[PDB]
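J.: Top line first, the protein sequences correspond to chains A and B.
Using the entry's author numbering, read the first sequence as starting at 1 and increasing by one per residue.
Using the entry's author numbering, read the second sequence as starting at 1 and increasing by one per residue.
Protein chains: 2
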Amino acid sequence: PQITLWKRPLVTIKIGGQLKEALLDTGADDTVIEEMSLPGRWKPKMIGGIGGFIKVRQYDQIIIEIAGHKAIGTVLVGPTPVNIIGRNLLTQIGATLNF
Amino acid sequence: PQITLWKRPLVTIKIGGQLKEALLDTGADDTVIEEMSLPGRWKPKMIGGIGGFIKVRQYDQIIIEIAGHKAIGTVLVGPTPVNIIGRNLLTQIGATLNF
Ligand SMILES: CC(C)CN(C[C@@H](O)[C@H](Cc1ccccc1)NC(=O)O[C@H]1CCO[C@H]2OCC[C@H]21)S(=O)(=O)c1ccc(B(O)O)cc1
Ligand SMILES: [Cl-]
Ligand SMILES: [Cl-]
Ligand SMILES: [Cl-]
Ligand SMILES: [Cl-]
Ligand SMILES: [Cl-]
Ligand code: NA
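(1) Please list the partners that B:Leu5 has in chain A, where partner means a Cβ-to-Cβ separation under 8 Å.
(2) Determine, using beta carbons only, whether B:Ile54 comes closer than 7 Å to chain A.
(3) Please identify the residue among B:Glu34, B:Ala67, B:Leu90 whose C-alpha is closest to the C-alpha of B:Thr12.
(4) Return yes when the Cβ of B:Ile50 is within less than 7 Å of the Cβ of B:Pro79, no when it is not.
(5) Can you give, in chain order, each stretch of the beta strand (DSSP E) that sits fully within the segment 34-80 of chain B and has at least 3 residues?
(6) Should B:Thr4 be listed as close to ligand 4, given that the test is whether its C-beta is under 6 Å from any heavy atom?
(7) Quick check: B:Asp30 and B:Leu76, are their CB atoms within less than 7 Å of each other?
(8) Ordered along the chain, which non-local residues of its own chain (more than five positions away) have a Cβ less than 7 Å from that of A:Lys43?
(9) With a threshold of 16 other CB atoms inside 10 Å of the CB of B:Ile72, please say whether the residue is buried or exposed.
(10) Would the C-beta of A:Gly73 count as close to ligand 3, meaning under 6 Å from any of its heavy atoms?
(11) Measuring CA to CA, which of B:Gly17, B:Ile85, B:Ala28, B:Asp60 is closest to A:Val82?
(12) Does B:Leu76 have its Cβ less than 7 Å from a Cβ in chain A?
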């Protein structure tokens, strides 16, 4: 698909057996999802942006489906105001910015 | 160009005659730049990011070049961690996300 940027580029994802809405975010290095449980090991991390830092749980080797495209990678879970698909997963679905 | 996302999508911008680095950010509604001098009046705005809200100064109808493409629009100035080009100006340069 070609997604214009007149509005937020929101898509449906499937993660941990749940459907969620998430933002395709070229400005995010990593993928950050609101509180949920995921299987396997995790380690704490701090991530920062406008307004400062939040503490998240880092889960590695998590399978997501992003607008129908499967990809595996690290997912950060914590008190993000929006679910964000960051570059670590955007690369895996072949997403590019074009102009 | 077609910009892949293995690296941050950093570009050069020109604003007020000065070159700066900025991040092409599809997750940002608005364009936010670090402290600098801009002409004219400003209006208040609160924006919310990952770690909470920050106050910024809103300057309208500012001339800005993004990766060589001319835009004229709203620039927010404040304590952002990096300069971010948001959708208000990504749309002016004709940017889309593609996969
Ligand atoms: C500021 C940016 C450099 C980074 N962010 C990504 C932005 O796209 C961010 C996403 C977002 C959207 C909505 C609420 C919270 C976070 N966008 C953002 O902060 O947008 C602000 C500023 C611009 O205009 C508004 O548009 C949306 C909310 C406002 S970030 O969300 O702060 C972020 C994501 C991942 C990581 B990491 O993996 O170490 C670190 C930081
Ligand atoms: Cl929107
Ligand atoms: Cl990853
Ligand atoms: Cl590629
Ligand atoms: Cl450039
Ligand atoms: Cl604008
Ligand atoms: Na894991």
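We put the beta carbon where it would ideally sit given N, CA and C, even for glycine.
T.: Taking the coordinates as given:
(1) Taking the first residue of the second sequence as position 1, residue 5 of chain B is located at position 5. Residues of chain A passing the Cβ test: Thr26, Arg87, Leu90, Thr91, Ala95, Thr96, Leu97.
(2) As a first step, residue 54 of chain B must be located in the second sequence, where it is residue number 54. Yes - at least one Cβ of chain A is within 7 Å of the one on B:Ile54.
(3) As a first step, residue 12 of chain B must be located in the second sequence, where it is residue number 12. Closest by alpha carbon: B:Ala67.
(4) Within the second sequence, the letter at position 79 stands for residue 79 of chain B. Within the second sequence, the letter at position 50 stands for residue 50 of chain B. Going by C-beta atoms, B:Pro79 is not nearer than 7 Å to B:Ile50.
(5) 43-49, 52-66, 69-77
(6) For the purposes of this step, residue 4 of chain B is taken as residue 4 along the second sequence, with counting starting at 1. Correct: B:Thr4 has its Cβ closer than 6 Å to ligand 4.
(7) Locating residue 30 of chain B in the second sequence gives position 30, where the first residue counts as 1. Locating residue 76 of chain B in the second sequence gives position 76, where the first residue counts as 1. Cβ atoms of B:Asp30 and B:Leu76: closer than 7 Å.
(8) For the purposes of this step, residue 43 of chain A is taken as residue 43 along the first sequence, with counting starting at 1. Answer for A:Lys43: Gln58, listed in chain order.
(9) The residue you call residue 72 of chain B lines up with position 72 of the second sequence. With fewer than 16 other Cβ atoms within 10 Å, it is exposed.
(10) In the first sequence, residue 73 of chain A corresponds to position 73, counting from 1. Checking every heavy atom of ligand 3 against the Cβ of A:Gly73, one is found closer than 6 Å.
(11) Along the first sequence, read from residue 1 onward, the residue named residue 82 of chain A stands at position 82. Out of B:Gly17, B:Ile85, B:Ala28, B:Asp60, B:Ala28 has the C-alpha closest to the C-alpha of A:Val82.
(12) Position 76 of the second sequence, counting from 1, holds the residue named residue 76 of chain B. Answer no: the Cβ-Cβ gap between B:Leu76 and chain A never drops below 7 Å.
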